[PDB]
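Engineer: This one is an experimental structure. Sequence first:
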Amino acid sequence: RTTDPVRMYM
Amino acid sequence: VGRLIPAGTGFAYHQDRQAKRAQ
Amino acid sequence: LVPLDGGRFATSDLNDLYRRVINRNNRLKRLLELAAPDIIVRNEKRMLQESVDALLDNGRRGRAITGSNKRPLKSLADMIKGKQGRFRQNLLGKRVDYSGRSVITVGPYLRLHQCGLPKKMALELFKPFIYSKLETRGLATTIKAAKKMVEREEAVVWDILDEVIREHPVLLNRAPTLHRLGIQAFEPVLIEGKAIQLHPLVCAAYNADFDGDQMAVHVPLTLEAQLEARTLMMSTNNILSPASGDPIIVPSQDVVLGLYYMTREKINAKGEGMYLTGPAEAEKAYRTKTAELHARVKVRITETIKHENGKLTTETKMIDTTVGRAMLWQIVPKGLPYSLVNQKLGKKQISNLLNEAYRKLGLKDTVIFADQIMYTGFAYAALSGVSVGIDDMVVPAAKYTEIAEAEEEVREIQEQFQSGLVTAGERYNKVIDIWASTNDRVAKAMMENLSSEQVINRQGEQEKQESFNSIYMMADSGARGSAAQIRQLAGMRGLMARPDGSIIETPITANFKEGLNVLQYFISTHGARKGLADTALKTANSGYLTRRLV
Amino acid sequence: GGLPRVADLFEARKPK
Amino acid sequence: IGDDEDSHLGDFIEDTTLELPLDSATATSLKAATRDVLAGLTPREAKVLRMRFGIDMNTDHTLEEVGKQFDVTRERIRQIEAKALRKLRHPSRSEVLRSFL
Amino acid sequence: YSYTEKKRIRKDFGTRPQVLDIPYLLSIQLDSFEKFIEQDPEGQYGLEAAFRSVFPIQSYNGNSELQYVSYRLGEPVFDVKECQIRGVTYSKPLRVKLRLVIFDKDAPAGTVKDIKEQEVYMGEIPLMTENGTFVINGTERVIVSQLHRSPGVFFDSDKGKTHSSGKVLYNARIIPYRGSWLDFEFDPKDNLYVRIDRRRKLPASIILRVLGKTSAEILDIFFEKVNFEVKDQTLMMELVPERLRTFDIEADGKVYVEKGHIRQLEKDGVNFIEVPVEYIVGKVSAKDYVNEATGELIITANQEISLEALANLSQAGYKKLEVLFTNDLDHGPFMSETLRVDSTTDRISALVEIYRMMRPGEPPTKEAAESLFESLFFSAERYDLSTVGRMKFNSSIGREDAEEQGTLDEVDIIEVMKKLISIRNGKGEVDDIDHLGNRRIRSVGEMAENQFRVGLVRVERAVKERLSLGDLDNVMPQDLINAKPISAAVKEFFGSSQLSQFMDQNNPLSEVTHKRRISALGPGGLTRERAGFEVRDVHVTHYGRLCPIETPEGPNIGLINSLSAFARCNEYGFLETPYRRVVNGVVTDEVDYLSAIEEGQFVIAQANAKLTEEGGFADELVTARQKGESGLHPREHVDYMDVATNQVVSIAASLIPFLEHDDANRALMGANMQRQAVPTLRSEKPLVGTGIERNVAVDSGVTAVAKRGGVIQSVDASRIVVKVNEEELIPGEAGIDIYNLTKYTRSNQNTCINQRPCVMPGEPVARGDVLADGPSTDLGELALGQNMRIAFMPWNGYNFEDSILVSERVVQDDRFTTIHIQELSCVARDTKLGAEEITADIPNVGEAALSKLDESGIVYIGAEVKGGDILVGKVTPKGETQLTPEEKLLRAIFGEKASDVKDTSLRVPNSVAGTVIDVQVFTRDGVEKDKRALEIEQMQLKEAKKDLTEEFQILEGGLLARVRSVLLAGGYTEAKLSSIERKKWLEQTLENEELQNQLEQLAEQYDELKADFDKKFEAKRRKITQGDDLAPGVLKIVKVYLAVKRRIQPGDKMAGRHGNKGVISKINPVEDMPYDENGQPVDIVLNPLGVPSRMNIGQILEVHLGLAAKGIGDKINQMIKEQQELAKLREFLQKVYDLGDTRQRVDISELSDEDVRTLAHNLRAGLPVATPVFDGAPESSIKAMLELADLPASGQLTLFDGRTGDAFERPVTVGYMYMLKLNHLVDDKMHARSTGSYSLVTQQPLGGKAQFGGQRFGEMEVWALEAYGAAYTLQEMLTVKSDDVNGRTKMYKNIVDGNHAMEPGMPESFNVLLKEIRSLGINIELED
Ligand SMILES: [Mg+2]
């Protein structure tokens, strides 16, 4: 649903 | 690539190339 | 990563991308050595993948990384692709040595194969050739001696430069290069000055006019390039349009005006009815003020016809003509009929003359004929004294009455509309129709008034003659101007459009001679801005289309 | 409507 | 660099490590002139100069190996080199090399 | 008449009196900066607004907080001239007073435990020069105003160009000054959706659930209710008369038609209507209905009622049923259908949806969702709908209250939605995005305020972070603020912004137009590629606000505009124009400023409208415009009139004579090219003018204008000293006004800026009088070019196309000769090998090139220098360099070897010849000053001492003159006073107390004078002698100024004011030029063919009027030459000034004999005539003027060929035209390169004349060469001229050896490309 690794990390 | 274009004055030159590749 | 002035360094974004990749790779190895939770290793691998994709193609995978200047870093894919990429900026197009650029003026004394080149510009362009000739003829022992000799600008340096460019063709180009006629080979002639002198007859090929235009010059070096310039690229060879086959060196503007004025016909001129032995006697009579250029005379003309099979038949006979027509026949090459010159000569007539000369005589004769034509046209346009003035914009007396009639019947139809007989759209349409009709009738009346005059012949009877008005002559000769331009100068500007496409009900009823008030000028600007913007966008659209077609 | 038409013809664009 | 974004700083950076073509032509002319000047000298003597200064060879040699050719004594090599220069500053055969300074 | 005007009165051909004079041209800049920089108590504008928006700030826990008290601006370190000399920004310190207040944790919150007052430095604020410019890094810069869209809500549509069918989709868009953007659009299925900063669409209902709106409340807001009842076991319907205007109708007394007008039967009025059951079947419910016994929901809101539902509500006992209203024309089910397609059922389900669409791929939590929606629109920190935005929103949605609010609320969103549905329904219209009432002007003050607020926030984050730590006993307010972020923001805006542009300084007109320019580009604006036809177009609201003519011709067409002559900005940033009120049928002189919105309702007449003596309209039906459409309207219906005929055009367009006779295309060119004119040696007035030149000259600031009236005490080419009048003296003032004139100062475009006195010592001057003329100014009038004799005829093809044939006489008298001042800099830096030195010991350079150098190695002042000459001698240390064996042998033969340092010295550029007029040396503090540095240092001290002493002498003379007048009020003898020596007056001994006290007072005053002069001198000496702050690593800088006299030559571009440009083709000899019967030759021969096709007929009228004016000039010249009587001079002047029925009443009888003689002396070279735009001179006036000057009425003379002596067959138009020399010179446009520098990466020739680069052989040139078939030429251009290094070296060698053959190789660009493709993990290779 997202492509930014930061959001997946959180 | 800086070579002669196969048109006009250079045309015959390129022809010679396919005279060499055929042989 | 190179230094600039003041100790500052300039670097490429690839350095930053590579540093990011290396840092993340080393951190991944460190995290794999110091046993870490799987979440941290997974995050590090995500960062490594993101860094590698950003290095290969920034912005494709997601948010593009930006540098310290808050602009996206440009990657290998960006450095190989795009308008500013390597293919189009450095491979299909390049900056070249032995090149120059200068403003272009007009050389009316030049031939079709000659171009005026500044001495300093040629000295800079042909520097190695000057060095070679100074070494060969012994004026310089070494190359540094030749360098200082050229830098000090001795006279023998100028003689060496003269002998270098004696038969060295040079390529002239003007941007944009829409077709292959935009670059042509000329023989240089050194001129004291700073601007390149261009032959007028090639301007139409370059789409060049002398309002501040600049042209580039290139020097072929090898013998093959010089012979290609002399055989294929020489301006004398390319005088036919490759798109249609019609000549491209046709005269325009002052040449056409001069040839038109010299070939016009006047009633009851000085020397009318005289008998002349030939064109030489016509010229002698003109120079002695015996007969005018437009005097109707009888001239003995010897005329040679070259048929399709090559038969050369010469006939001498008496022809009714004018003095100017005979003096123009003086320069026509043998092999053409006199009927091509025994008429008033507009742009179309001169184009027909050049076409016939090419079709029946060849190339060299065509070039010589064109040069002589443009010389004669310039000379007799200067001798004519044609001037534009405020009294040449004659406004017909019928315009005011016709505007009054249109306004009165506009009032009548508006009153009828207030009675409910017809709707608003019908009223709009018919008001537009009446204003278009009024504009057409005013233009016709102005053209009739401007196109003729009354003279007195030898018998004393009033006779009807074509007008010698300056603006009428300019429009009829085809040099510059049309019927519409004259209509806006001396008649009615007409109906202009609201910038969405709709036509305003009231038109502009004033020409440029009387002047416009605020709203008329505002409506004019409405369309002027649209025209300028349309040209600006259409140029780019045409360029993209021609790139695709190429 | 002249140059867009030429571009459409040479691009073999499908009419609406 | 500029109102129009097409231009960039990178395209206004020179290459300072390049050799000017006039300098290369001067080097070639100097080689030719040196060869012409040395061709008017005796075989042994021109060889001494050439293989002392490293002309047309990979390396340079000092006096010892130049002596080891025929006459191992160093002082004769020095004296013959001095004779080389003494004849090489004769106006009859030194005008061409003067222009390269 | 003022004295400067009285010296030379221009004849006015206008016929319409002017009621409102043109205001100050540079108000748009000065007013904006005054708003930014001045302290306003209400705190709505400028620095106070930013401080109050940012301060006070609070620690997160709440121990203490910082408060703002006041601000002030300090004294500048340097003045404008000093800032330009050293290269620093002219600015003032910002000193702000703040209170750090610490509360008490133990005490209740809000208890003041300690306070701390302190002043803090907040950075340097750049200052605006009195002429509206900034001095940034020593450069004059102008900040261009921006045209953007006002904050608020705009309603638009796709115009039916998106869906397959027409189906014109409607959208509403709210944009704040700062914050998020909100869009409410329609879909092809007629359901309204929402976007928050342009992301994926969501149903609309969410945006209301979040506001706490239940479904029933939503249908109450967006729908009208119709009620039904069970009355007497019958269906009963609440009749409303307007609704009814296919079934049987009840009320048997007044039955209407049955299943087959309305007003007639509704006149009586009844309330009981019975309807069939089917009338409810196809209609939707409106209120949730519950049964007490069942405890369940029988029917829900937004559910279609069925027969089974009728049965359920019949048995449930409910009798009253309220339902929605739905039509197909006036009302719509859009909201109900949108609720149907909604998936959210409660507020929380709404905020989770907003969170998912805000932050996709994130786990949604309640607190985060609530915080996000609060911060999106309802938070003051992140959302600010400004005062202008709030006004626009209130006007759009018809809201009267909440004027101070800047954050959205429920009423705002529901009103926007209501207006969108109304506009769909048919009531309401979309907004014109290009309307000038929807576009706002944002000037320098607003932008500086925004950037300063950004800096304040960036500081403020750190301040709040620090305050939360808690250890605050030993801290001070100045220890909390870092001025570097705020300074970085302000210098960012003032030095790197697109709208902070390099000044245009060719002429005063260029400066004025630059200061009055509006750009739609820049931050928050447009983009050239994203701008369409509509934005570039001329709107009907541009009348009186934006010039329809003046705009750049190119990619920026329509995106950069110029302010109109009388245009102004209101308090909200919207352009307004003045109009004259029409009251009771009379046209009054009272002026009201109207904006675009207010202008629509009123109908406005024109300045061309005829007027009667009583002040009313003459024609019964007048030409006017209303709502943007022009037409004919009755006299009594007219409300307003235009104030002037030049109201719609800009200043540059207002300077074009006979503009009404020129096509707009050529008027655009003329206006643009009047700004490229270069000042000449001698400034000449335009003979044919418009009367505007004085305003431009005065308001540009290039001239020296008298601050106070009086008599000129002293005149010199560098100083004007004026003795102020007695009535205009401040008490206790010196009485002297000193004007120091700028002499030969380089402009931004390398053009001379010079001021020449136009006064004489002893003559009286008044306030506003011009004392000195700046560049392109003649006696207070703008003088951009020269008056040239023009003949319209072709001349042997030398005027072919737009070419111009110029006589040699024009070159001889230097009518078009210009002075160009150019700056050359030599920077001695510090390197790794050592420090570079500025010395005359230049290796391998003889004393021939050192003649112009001094001992220190710097060229003398006044030295004639040519190309290649050394100006500053510098030697750079160099390392060991390997020598080739041949070079070693060469050094062995001849032992000369001196290569310790290399010659890197400043040299005159090639093809540049001039004189050295100024040399400035900047030395770092801590570096020894060379002899030249101390020479200039002492010269500067000598100059400063002399000038300070001069001002002291004049001020003391004036003050002692005033004191002498005060003493002469009583009257004594000054011979006795002069008997005692002046210093000995201080040595007098007085015994009486009255005299002794005065003696002590005089001694004290003398001491104070000495002290103040000493302090001034010390300040100036410290400023001069201090070191310079240079770039790191830089040791010395030497700047040399070169003055070049550029003369006219072929290739130079000359143009008039009517868009007629050309390039000089030949400098003809005088004998060859055409001449008239009196032997006077023409100066310039122009091609007539250019006139008919381009429709610029104003130039012919200018030619005729110039001929008439010059003829009157020769008449005055003769009448002076024969020493004729003054009475007939007066009679002739009065006859000339009375020609035509003009508005000008010049009485020569009231002029003195000296004034008449001076006026005649100024009129010898021609009579200046004014032809205002759209109020110009008719043909009859021109013919009358020609008849007065004894010239043909046709304006055509008989010319004779100089070469042959034969008269031309037809008369030729001969006259005078004002011609300009544009800054497009062939000197700066020639370029040639054989071999030079190369690029670092591509190994290709550089680009540009500055880099000595080569021309580009682009794609189309290659196409042309391929079409020709020149394969070898193309290969030459590709390989051996651009990037084949070995090939190009061998090609140069072969040319030197005279071989002319090439060995082509591989271009380096191809190898680079191969390396790049390899670097992408792709194997690209070559095969044999
Ligand atoms: Mg042009």
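Structural biologist: All right, it came through fine. Residues are numbered from 1 along each chain as shown, chains lettered A, B, ... in the order given.
Engineer: partner residues bridging the residue nearest to residue F:632 when sequence neighbours are not counted?
Structural biologist: In this structure, residue F:632 finds its nearest non-sequential neighbour in residue F:621, 4.8 Å apart by CB to CB, 6 or more residues apart in numbering or on different chains. Where you see a C-beta, it was placed from the backbone N, CA and C, and this is true even at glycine. On the basis of DSSP bridges, residue F:621 is bridged to residue F:634.
Engineer: Check the gap between residue F:621 and residue C:523 for me.
Structural biologist: As judged by CB to CB, to the nearest Å, residue F:621 and residue C:523 stand 20 Å apart.
Engineer: Which one's more surrounded, those two?
Structural biologist: Neighbours were counted for residue F:621 and for residue C:523 using other CB atoms under 10 Å in any protein chain shown; residue C:523 has more, 25 against 13.
Engineer: contacting residues for that one?
Structural biologist: C:496, C:504, C:508 (CB atoms under 8 Å, 6 or more residues apart in numbering or on different chains).
Engineer: quick one: which of these is nearest the ion?
Structural biologist: Relative to the ion, the closest of those is residue C:496; by CB to the ion it sits at 26.7 Å.
Engineer: which ones are touching that closest one?
Structural biologist: Contacts of residue C:496 (CB under 8 Å, 6+ apart): C:503-504, C:507-508, C:523-524, C:526-527.
Engineer: and the gap between it and residue C:504?
Structural biologist: 6 Å.
Engineer: same question, residue F:1077
Structural biologist: 51 Å.
Engineer: now do residue F:1226
Structural biologist: 46 Å.
Engineer: Quick check on the two: which one has the bigger neighbour count.
Structural biologist: residue F:1226 (23 against 18).
Engineer: Chain neighbours aside, what residue packs nearest to that one?
Structural biologist: residue F:1051 (2.8 Å).
Engineer: right, and residue F:912 touches residue F:1045 too?
Structural biologist: No. Using CB atoms under 8 Å, residue F:912 makes no contact with residue F:1045, being 11.7 Å away.
Engineer: Looking at those two, which has the bigger crowd around it?
Structural biologist: residue F:912 (17 against 14).
Engineer: ok, now which ones touch the more buried one?
Structural biologist: F:822, F:866-867, F:1042, F:1044.
Engineer: ok, and the most crowded of these?
Structural biologist: residue F:1042 (23 neighbours).
Engineer: mind listing what's buried in whichever strand or helix holds that one?
Structural biologist: Element membership of residue F:1042, judged by DSSP states H and E, is strand F:1034-1046. By 16 or more other CB atoms under 10 Å in any protein chain shown, the buried positions in strand F:1034-1046 come out as F:1034-1044, F:1046.
Engineer: Need the max-distance pair from these.
Structural biologist: F:1035 and F:1046 (35.0 Å; CB to CB).
Engineer: What is the burial count for residue F:737?
Structural biologist: 21.
Engineer: Helices of the stretch 301-450 of chain C, residue ranges please.
Structural biologist: For the stretch 301-450 of chain C, the helices defined by DSSP state H, counting those that start in this stretch cover C:323-329, C:347-360, C:364-384, C:398-418, C:424-450.
Engineer: Got phi/psi on the residue in chain A that chain F sits nearest to?
Structural biologist: Chain F sits closest to residue A:2 of chain A, with a gap of 2.7 Å, by CB to the nearest CB. Here is the backbone geometry of residue A:2 (degrees, to the nearest 10): phi -130, psi 160.
Engineer: what residues are up against residue F:167?
Structural biologist: F:160, F:188.
Engineer: Near chain A, which residues of chain F? Just list them.
Structural biologist: F:359-362 (CB under 8 Å from any CB of the partner chain).
Engineer: change it to 7 Å
Structural biologist: By CB under 7 Å from any CB of the partner chain, the part of chain F that sits against chain A consists of F:360-362.
Engineer: Residue A:8: which of these is nearest?
Structural biologist: residue F:361 (7.1 Å).
Engineer: wait, that closest one sits on residue A:4?
Structural biologist: No. Applying CB atoms under 7 Å, one finds residue F:361 not in contact with residue A:4, separated by 8.0 Å.
Engineer: show me what contacts residue F:814?
Structural biologist: Contacts of residue F:814 were listed using CB atoms under 7 Å, 6 or more residues apart in numbering or on different chains, and they are residue F:681.
Engineer: Looks to me like it is in a strand.
Structural biologist: No. Residue F:814: not assigned to a strand; according to DSSP: H, G, I helix; E, B strand; the rest coil it is coil.
Engineer: Check the spacing between it and residue F:786 real quick.
Structural biologist: 10 Å.
Engineer: same thing with residue C:114?
Structural biologist: 35 Å.
Engineer: How about the residues of chain C by chain E?
Structural biologist: Counting by CB under 7 Å from any CB, chain C comes close to chain E at C:2, C:10, C:84, C:141-145, C:147.
Engineer: Helix, strand, or coil at the residue in chain E positioned nearest to chain D?
Structural biologist: Using CB to the nearest CB, residue E:6 is the residue of chain E that sits closest to chain D, at 24.9 Å. At residue E:6 the chain is in coil, as set by three-state DSSP.
Engineer: tell me, how many neighbours does the closest residue to it other than its chain neighbours end up with?
Structural biologist: Leaving out its chain neighbours, the residue that sits closest to residue E:6 by CB to CB, 6+ apart is residue C:84, at 6.7 Å. Burial of residue C:84 is recorded as 16 neighbouring residues (other CB under 10 Å).
Engineer: Please apply the same query to residue C:429.
Structural biologist: For residue C:429, using other CB under 10 Å, the count is 12.
Engineer: which ones are touching it?
Structural biologist: Here residue C:429 is in contact with no residue (CB under 7 Å, 6+ apart).
Engineer: Tell me the spacing between it and residue C:227.
Structural biologist: 67 Å.
Engineer: For residue F:712, give me its contacts.
Structural biologist: F:720, F:722, F:759-763, F:765.
Engineer: So residue F:1155 lies in a helix, does it not?
Structural biologist: Yes. Residue F:1155 forms part of a helix when assessed by three-state DSSP.
Engineer: In contact with it: list those residues for me.
Structural biologist: residue F:6.
Engineer: if we go to 10 Å?
Structural biologist: If you count contacts by CB atoms under 10 Å, 6 or more residues apart in numbering or on different chains, residue F:1155 has them with F:1, F:3, F:6-7, F:1148.
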